[PDB]
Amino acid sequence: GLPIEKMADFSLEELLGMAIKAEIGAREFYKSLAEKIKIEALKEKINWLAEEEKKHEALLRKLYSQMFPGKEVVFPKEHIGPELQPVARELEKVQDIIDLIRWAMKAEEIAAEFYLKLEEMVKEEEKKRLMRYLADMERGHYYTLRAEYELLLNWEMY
């Protein structure tokens, strides 16, 4: 996707509709990632991350309606940061897991930056907390993923 610096070129509605889409993408992503793991430890963490992304959409769908009554969310054809697609193939090597975990955190790291900036391009303290919440959850997924990352890489199990 496009760099975080260019959110200034999009309107607040498109940025919100962008978040919703992104949030739906991560959701199915994490859903499909965990589906293909066979690792009694990682699959759990990933599943719990899918739920969190589930609620993020609910909250974003709500806010959007609040800021835009009677409107139908129109997902922009452009996005910021990497856009993860649901894994269809199978994980042959441990290396594949790495590849997906490295990109996942790469998407979470940018998603946090996205909400921090969105916190600024928004007023009314209640909506600021909301964006703040989303940024914290996203950063949280960063460390969670980073933790399991290093282990898989060194071929070590806890």
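Don't overthink the numbering: it's just position in the shown sequence, from 1.
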{"query": "Per the entry, higher mean C-alpha B factor between 146-154 and 131-139", "finding": "146-154"}
{"query": "Per the entry, higher mean C-alpha B factor between 26-34 and 43-51", "finding": "43-51"}
{"query": "Residue with highest C-alpha B-factor in the PDB entry, from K93, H56, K62, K106", "finding": "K93"}
{"query": "Criterion, highest CA B-factor; candidates, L116, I110, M67, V122", "finding": "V122"}
{"query": "Among modelled residues of the same chain, the CA temperature factor third for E72", "finding": "middle"}
